[PDB]
>>> print(open('work_30.cif').read())   # mmCIF, C-alpha atoms and all ligand atoms
data_input
#
loop_
_atom_site.label_atom_id
_atom_site.label_comp_id
_atom_site.auth_asym_id
_atom_site.auth_seq_id
_atom_site.Cartn_x
_atom_site.Cartn_y
_atom_site.Cartn_z
CA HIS A 4 -24.30 -26.63 0.58
CA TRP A 5 -25.02 -23.22 2.08
CA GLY A 6 -25.33 -19.97 0.15
CA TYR A 7 -27.53 -16.92 -0.35
CA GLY A 8 -30.22 -18.38 -2.67
CA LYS A 9 -33.90 -19.06 -1.78
CA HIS A 10 -33.12 -22.67 -1.24
CA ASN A 11 -29.83 -22.49 0.68
CA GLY A 12 -29.84 -18.99 2.21
CA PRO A 13 -29.72 -17.66 5.78
CA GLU A 14 -33.13 -19.07 6.86
CA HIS A 15 -31.80 -22.59 6.07
CA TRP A 16 -28.38 -22.39 7.75
CA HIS A 17 -29.58 -23.56 11.18
CA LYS A 18 -30.22 -27.10 9.81
CA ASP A 19 -26.48 -27.74 9.34
CA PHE A 20 -25.22 -25.08 11.76
CA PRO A 21 -27.53 -25.00 14.81
CA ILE A 22 -25.48 -22.16 16.42
CA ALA A 23 -27.31 -19.99 13.84
CA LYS A 24 -29.98 -19.61 16.58
CA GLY A 25 -27.36 -18.98 19.35
CA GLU A 26 -26.95 -16.28 21.95
CA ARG A 27 -24.32 -14.09 20.24
CA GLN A 28 -25.02 -14.15 16.50
CA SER A 29 -24.09 -11.45 13.99
CA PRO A 30 -24.88 -9.13 12.34
CA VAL A 31 -27.21 -6.99 14.47
CA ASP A 32 -29.08 -3.73 14.14
CA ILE A 33 -27.21 -0.93 15.92
CA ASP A 34 -29.82 1.22 17.69
CA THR A 35 -27.86 4.45 18.02
CA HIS A 36 -30.00 5.82 20.82
CA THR A 37 -29.57 2.62 22.98
CA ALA A 38 -25.79 2.19 22.44
CA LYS A 39 -23.96 3.77 25.34
CA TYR A 40 -20.70 5.78 25.34
CA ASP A 41 -18.12 3.72 27.21
CA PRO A 42 -15.40 6.21 28.40
CA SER A 43 -13.26 3.13 29.42
CA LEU A 44 -12.73 1.90 25.78
CA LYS A 45 -8.92 2.40 25.15
CA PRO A 46 -7.91 4.18 21.93
CA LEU A 47 -8.17 2.00 18.71
CA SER A 48 -4.92 1.35 16.87
CA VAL A 49 -4.94 0.30 13.22
CA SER A 50 -1.28 -0.43 12.23
CA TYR A 51 -1.29 -1.39 8.53
CA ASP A 52 1.98 0.29 7.31
CA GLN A 53 3.77 -3.13 6.86
CA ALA A 54 0.77 -5.01 5.43
CA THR A 55 1.67 -7.64 2.81
CA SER A 56 -1.27 -8.55 0.58
CA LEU A 57 -0.74 -11.76 -1.43
CA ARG A 58 -3.76 -12.91 -3.42
CA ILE A 59 -7.42 -12.33 -4.25
CA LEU A 60 -9.81 -15.30 -4.36
CA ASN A 61 -13.45 -15.73 -5.47
CA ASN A 62 -14.63 -18.36 -2.95
CA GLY A 63 -18.18 -18.60 -4.34
CA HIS A 64 -19.59 -16.42 -1.52
CA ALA A 65 -17.51 -13.22 -1.83
CA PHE A 66 -13.96 -12.36 -2.78
CA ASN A 67 -11.18 -12.38 -0.20
CA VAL A 68 -8.00 -10.30 -0.34
CA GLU A 69 -5.51 -12.39 1.65
CA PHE A 70 -2.51 -11.15 3.67
CA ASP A 71 0.68 -12.70 5.02
CA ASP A 72 -0.14 -13.23 8.79
CA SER A 73 3.07 -15.22 9.65
CA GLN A 74 4.49 -12.08 11.51
CA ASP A 75 2.94 -8.88 13.19
CA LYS A 76 2.80 -6.86 9.90
CA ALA A 77 -0.78 -5.48 9.88
CA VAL A 78 -2.34 -5.44 13.34
CA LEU A 79 -5.35 -4.15 15.19
CA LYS A 80 -5.02 -3.29 18.88
CA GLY A 81 -6.71 -1.09 21.47
CA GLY A 82 -10.41 -0.20 21.61
CA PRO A 83 -12.19 -3.06 23.30
CA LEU A 84 -9.36 -5.51 22.51
CA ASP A 85 -6.84 -7.16 24.85
CA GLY A 86 -3.62 -7.99 22.97
CA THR A 87 -2.73 -8.07 19.33
CA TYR A 88 -4.90 -9.12 16.38
CA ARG A 89 -3.29 -9.87 13.01
CA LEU A 90 -4.97 -9.07 9.67
CA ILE A 91 -5.56 -12.26 7.61
CA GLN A 92 -8.06 -11.13 4.93
CA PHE A 93 -10.71 -8.64 3.96
CA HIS A 94 -13.90 -9.10 1.98
CA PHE A 95 -17.23 -7.35 1.32
CA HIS A 96 -20.96 -8.05 1.39
CA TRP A 97 -23.14 -6.16 -1.07
CA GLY A 98 -26.57 -5.91 -2.62
CA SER A 99 -28.33 -6.14 -5.97
CA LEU A 100 -29.50 -2.48 -5.50
CA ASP A 101 -27.95 0.44 -3.63
CA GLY A 102 -30.57 0.27 -0.83
CA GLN A 103 -29.37 -3.04 0.59
CA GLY A 104 -26.15 -5.01 0.99
CA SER A 105 -24.81 -4.31 4.47
CA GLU A 106 -24.97 -6.92 7.23
CA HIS A 107 -25.08 -4.55 10.17
CA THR A 108 -27.74 -1.86 10.05
CA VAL A 109 -27.88 1.50 11.83
CA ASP A 110 -31.34 2.40 13.16
CA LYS A 111 -32.59 -0.18 10.60
CA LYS A 112 -30.77 1.64 7.72
CA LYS A 113 -29.10 -0.71 5.23
CA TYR A 114 -25.99 0.52 3.41
CA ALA A 115 -25.05 -0.53 -0.15
CA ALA A 116 -22.20 -2.75 1.10
CA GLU A 117 -20.03 -3.55 4.10
CA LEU A 118 -16.26 -4.19 4.26
CA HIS A 119 -14.94 -6.72 6.81
CA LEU A 120 -11.26 -6.65 7.79
CA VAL A 121 -10.69 -9.96 9.62
CA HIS A 122 -8.05 -10.28 12.35
CA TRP A 123 -7.07 -13.12 14.72
CA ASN A 124 -5.75 -12.98 18.28
CA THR A 125 -2.07 -13.91 18.23
CA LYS A 127 -2.29 -15.51 21.72
CA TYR A 128 -3.95 -18.52 19.98
CA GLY A 129 -1.12 -19.08 17.47
CA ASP A 130 -3.17 -19.64 14.28
CA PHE A 131 -6.55 -18.66 12.85
CA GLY A 132 -8.03 -22.13 13.15
CA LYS A 133 -7.35 -22.23 16.91
CA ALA A 134 -8.55 -18.61 17.30
CA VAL A 135 -12.04 -19.31 15.88
CA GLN A 136 -12.57 -21.84 18.73
CA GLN A 137 -12.23 -19.06 21.34
CA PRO A 138 -14.76 -16.40 22.42
CA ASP A 139 -12.11 -13.67 21.91
CA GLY A 140 -10.41 -15.24 18.94
CA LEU A 141 -11.25 -12.78 16.15
CA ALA A 142 -11.71 -9.01 15.73
CA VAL A 143 -13.59 -7.89 12.64
CA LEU A 144 -13.45 -4.24 11.64
CA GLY A 145 -16.63 -3.40 9.74
CA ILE A 146 -16.94 -0.38 7.46
CA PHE A 147 -20.13 0.68 5.66
CA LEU A 148 -20.12 1.65 1.97
CA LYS A 149 -22.54 4.23 0.47
CA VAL A 150 -22.79 5.09 -3.22
CA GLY A 151 -21.56 8.59 -4.11
CA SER A 152 -18.01 9.67 -5.01
CA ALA A 153 -15.47 7.02 -6.01
CA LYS A 154 -13.06 5.56 -3.42
CA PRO A 155 -9.64 5.85 -5.11
CA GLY A 156 -8.08 3.21 -2.88
CA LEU A 157 -10.72 0.67 -3.94
CA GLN A 158 -10.08 0.93 -7.70
CA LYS A 159 -7.18 -1.62 -7.73
CA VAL A 160 -9.60 -4.17 -6.25
CA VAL A 161 -12.34 -3.30 -8.80
CA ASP A 162 -9.98 -3.64 -11.73
CA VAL A 163 -8.85 -7.21 -10.86
CA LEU A 164 -12.41 -8.59 -10.47
CA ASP A 165 -12.75 -9.50 -14.20
CA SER A 166 -9.88 -12.00 -13.64
CA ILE A 167 -11.66 -13.79 -10.75
CA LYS A 168 -15.20 -13.80 -12.16
CA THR A 169 -16.15 -17.33 -11.06
CA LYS A 170 -15.83 -19.51 -7.97
CA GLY A 171 -12.36 -20.94 -7.33
CA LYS A 172 -10.44 -18.40 -9.41
CA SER A 173 -7.60 -16.49 -7.78
CA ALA A 174 -5.10 -13.85 -8.90
CA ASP A 175 -1.88 -12.37 -7.55
CA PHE A 176 -2.68 -9.29 -5.49
CA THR A 177 0.55 -7.97 -3.99
CA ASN A 178 1.33 -4.49 -2.71
CA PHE A 179 -2.28 -3.46 -1.96
CA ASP A 180 -2.54 -0.97 0.93
CA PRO A 181 -5.73 -1.46 2.98
CA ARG A 182 -5.28 2.00 4.59
CA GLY A 183 -6.89 3.29 1.38
CA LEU A 184 -10.23 1.69 2.40
CA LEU A 185 -10.60 3.49 5.77
CA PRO A 186 -12.78 6.54 6.50
CA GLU A 187 -11.27 9.62 8.21
CA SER A 188 -12.74 8.92 11.68
CA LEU A 189 -12.18 5.74 13.70
CA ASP A 190 -15.24 6.34 15.94
CA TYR A 191 -16.95 2.94 16.41
CA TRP A 192 -19.51 0.71 18.00
CA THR A 193 -18.51 -2.63 19.50
CA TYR A 194 -20.26 -5.80 20.71
CA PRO A 195 -19.53 -9.54 21.05
CA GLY A 196 -20.81 -11.63 18.14
CA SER A 197 -20.11 -14.26 15.54
CA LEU A 198 -18.98 -15.01 12.04
CA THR A 199 -21.79 -13.97 9.67
CA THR A 200 -21.35 -17.06 7.43
CA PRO A 201 -21.26 -20.75 8.30
CA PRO A 202 -19.81 -22.05 10.53
CA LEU A 203 -21.29 -19.03 12.44
CA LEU A 204 -18.81 -19.49 15.30
CA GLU A 205 -19.26 -17.17 18.30
CA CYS A 206 -15.65 -15.97 18.30
CA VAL A 207 -15.79 -12.32 17.12
CA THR A 208 -15.36 -8.94 18.79
CA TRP A 209 -17.12 -6.68 16.28
CA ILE A 210 -15.82 -3.14 15.76
CA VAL A 211 -18.15 -1.25 13.39
CA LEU A 212 -17.02 2.22 12.26
CA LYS A 213 -19.63 4.99 12.38
CA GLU A 214 -18.38 6.85 9.31
CA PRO A 215 -19.13 5.14 5.98
CA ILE A 216 -16.80 5.30 3.00
CA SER A 217 -18.16 6.50 -0.35
CA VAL A 218 -17.72 4.38 -3.48
CA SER A 219 -19.02 5.18 -6.95
CA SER A 220 -21.95 3.51 -8.67
CA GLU A 221 -19.47 2.17 -11.26
CA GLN A 222 -17.33 0.58 -8.54
CA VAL A 223 -20.27 -1.30 -6.94
CA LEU A 224 -21.62 -2.28 -10.39
CA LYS A 225 -18.34 -4.16 -10.92
CA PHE A 226 -18.84 -6.09 -7.66
CA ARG A 227 -22.24 -7.14 -9.00
CA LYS A 228 -20.70 -8.63 -12.20
CA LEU A 229 -18.96 -11.36 -10.18
CA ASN A 230 -20.45 -14.87 -10.21
CA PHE A 231 -21.35 -17.28 -7.40
CA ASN A 232 -20.99 -20.18 -9.87
CA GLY A 233 -17.91 -21.87 -11.21
CA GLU A 234 -16.66 -21.54 -14.80
CA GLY A 235 -18.87 -23.45 -17.34
CA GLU A 236 -21.78 -23.52 -14.90
CA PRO A 237 -25.08 -21.50 -15.15
CA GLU A 238 -24.43 -17.79 -14.42
CA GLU A 239 -25.70 -16.55 -11.10
CA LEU A 240 -24.64 -13.04 -10.30
CA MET A 241 -22.85 -12.57 -6.94
CA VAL A 242 -25.28 -10.13 -5.32
CA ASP A 243 -27.11 -10.06 -2.00
CA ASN A 244 -24.41 -12.03 -0.17
CA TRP A 245 -25.43 -10.61 3.21
CA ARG A 246 -27.00 -12.16 6.33
CA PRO A 247 -29.81 -10.08 7.85
CA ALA A 248 -29.73 -8.71 11.39
CA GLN A 249 -30.03 -11.31 14.19
CA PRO A 250 -31.56 -10.95 17.66
CA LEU A 251 -29.42 -8.91 20.07
CA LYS A 252 -30.42 -11.11 23.08
CA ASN A 253 -28.39 -10.40 26.22
CA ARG A 254 -25.92 -7.94 24.63
CA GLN A 255 -25.02 -4.34 24.92
CA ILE A 256 -23.55 -2.31 22.07
CA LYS A 257 -20.97 0.22 23.30
CA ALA A 258 -19.97 3.45 21.55
CA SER A 259 -16.42 4.86 21.52
CA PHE A 260 -17.77 8.40 21.08
CA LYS A 261 -20.08 10.81 22.82
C1 LIG A 301 -15.98 -19.85 3.98
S1 LIG A 301 -15.41 -18.24 4.32
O1 LIG A 301 -14.22 -17.97 3.58
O2 LIG A 301 -16.55 -17.36 4.14
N1 LIG A 301 -14.98 -18.13 5.93
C2 LIG A 301 -14.12 -17.09 6.60
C3 LIG A 301 -14.89 -16.05 7.41
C4 LIG A 301 -16.27 -16.05 7.36
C5 LIG A 301 -16.99 -14.95 7.78
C6 LIG A 301 -16.32 -13.82 8.24
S2 LIG A 301 -17.25 -12.40 8.68
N2 LIG A 301 -18.30 -12.15 7.53
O3 LIG A 301 -17.94 -12.73 9.91
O4 LIG A 301 -16.29 -11.32 8.73
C7 LIG A 301 -14.97 -13.88 8.45
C8 LIG A 301 -14.26 -15.00 8.03
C9 LIG A 301 -15.75 -18.93 6.91
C10 LIG A 301 -14.84 -19.66 7.88
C11 LIG A 301 -14.43 -19.08 9.07
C12 LIG A 301 -13.77 -19.82 10.03
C13 LIG A 301 -13.48 -21.15 9.82
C14 LIG A 301 -13.76 -21.71 8.58
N3 LIG A 301 -13.27 -22.93 8.20
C15 LIG A 301 -13.89 -23.68 7.14
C16 LIG A 301 -15.29 -24.03 7.57
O5 LIG A 301 -15.64 -24.45 8.72
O6 LIG A 301 -16.12 -23.83 6.56
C17 LIG A 301 -14.47 -20.97 7.63
ZN ZN A 302 -18.03 -10.66 6.29
#
>>> encode(input="work_30.cif", output="structure tokens")
Amino acid sequence: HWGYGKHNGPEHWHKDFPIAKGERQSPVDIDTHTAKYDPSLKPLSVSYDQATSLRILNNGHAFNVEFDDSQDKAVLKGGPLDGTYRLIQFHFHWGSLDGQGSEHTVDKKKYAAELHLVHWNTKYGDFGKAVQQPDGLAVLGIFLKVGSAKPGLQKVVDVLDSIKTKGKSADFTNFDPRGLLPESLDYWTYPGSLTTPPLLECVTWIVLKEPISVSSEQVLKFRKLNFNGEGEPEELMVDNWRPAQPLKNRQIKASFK
């Protein structure tokens, strides 16, 4: 089954998931000179004060921090979005070295990692229905560079030893995702897809311009996770990113001048 190895990685996905070669795949390179300011984008509203984190799971591809999405507790609204999008999980993609790891790129620059906060459009009732719709999901993407530590990340780092291998989970209550945001909410936006199988073309991407800084010790702990299950050969969870896909007939819009 699919993964990030030489034998099962992104260049193979199209054999089981032909939409991999579709018209609105993600991630993309963001050419900053070609993206145009869109003065019509409405202000972006990140409302995470009532967020209820539940659990952290190593799914063999990344780790997901899961939220209660059975009420409007943590929502994304505004920007390019019509209606209300509920936070269901966040996860990261990262590299084996600090010079790669992000999915989106900015003028071909790769960041050390990328955070994805995944939200679904409440007009579709549940996540599984939402992913069947062209406006079903909104993913807020945030770049990570290596420098100063991110204090709000450390609770995540410290639990990773307890979910080293695929299929392990741990309680992860009372985590505040506001501690993972940068100061500015300036962004780029475009219509795209999930970046893993099933690669569904259901995402409005919102990629923040300002990266967050994390320390080398924080990212080193990400790279100690395993893709494998317990009692199986160790394969470090690194380089779990899809490279940039063709932009095709899309325009990237900027929220900022
Ligand atoms: C297997 S998973 O946990 O990785 N997952 C969730 C997901 C993927 C990618 C993003 S991202 N990088 O674009 O923000 C956001 C959410 C993939 C997924 C999404 C939608 C439906 C299914 N259902 C099961 C199936 O069909 O495998 C699975
Ligand atoms: Zn992702």
>>> residues_near_ligand(input="work_30.cif", ligand="ligand ZN 302 (chain A)", cutoff="10 Å", atoms="all atoms listed in the file", output="ChimeraX atom specification")
/A:29-30,64-65,67,93-96,105-106,117-121,143-145,198-200,244-246
>>> residues_around(input="work_30.cif", residues="residue 19 of chain A", least_positions_apart="3", cutoff="10 Å", atoms="only C-alpha atoms", output="PyMOL selection string")
chain A and resi 4-5+15-16+22-23+201-202
>>> atom_distance(input="work_30.cif", atom1="atom CA of residue 92 of chain A", atom2="atom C14 of ligand LIG 301 (chain A)")
12.6 Å
>>> atom_distance(input="work_30.cif", atom1="atom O3 of ligand LIG 301 (chain A)", atom2="atom CA of residue 236 of chain A")
27.3 Å
>>> residues_around(input="work_30.cif", residues="segment 73-75 of chain A", least_positions_apart="2", cutoff="10 Å", atoms="all atoms listed in the file", output="PyMOL selection string")
chain A and resi 50-51+53-54+70-71+77-79+87-91+125+129-130
>>> residues_around(input="work_30.cif", residues="residue 35 of chain A", least_positions_apart="5", cutoff="12 Å", atoms="all atoms listed in the file", output="short mmCIF file (atom, residue, chain, number, x, y, z; two decimals) with C-alpha atoms, keeping the file's coordinate frame")
data_model
loop_
_atom_site.label_atom_id
_atom_site.label_comp_id
_atom_site.auth_asym_id
_atom_site.auth_seq_id
_atom_site.Cartn_x
_atom_site.Cartn_y
_atom_site.Cartn_z
CA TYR A 40 -20.70 5.78 25.34
CA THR A 108 -27.74 -1.86 10.05
CA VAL A 109 -27.88 1.50 11.83
CA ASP A 110 -31.34 2.40 13.16
CA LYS A 111 -32.59 -0.18 10.60
CA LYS A 112 -30.77 1.64 7.72
CA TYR A 191 -16.95 2.94 16.41
CA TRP A 192 -19.51 0.71 18.00
CA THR A 193 -18.51 -2.63 19.50
CA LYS A 213 -19.63 4.99 12.38
CA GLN A 255 -25.02 -4.34 24.92
CA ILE A 256 -23.55 -2.31 22.07
CA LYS A 257 -20.97 0.22 23.30
CA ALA A 258 -19.97 3.45 21.55
CA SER A 259 -16.42 4.86 21.52
CA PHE A 260 -17.77 8.40 21.08
CA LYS A 261 -20.08 10.81 22.82
#
>>> atom_distance(input="work_30.cif", atom1="atom CA of residue 39 of chain A", atom2="atom CA of residue 107 of chain A")
17.3 Å
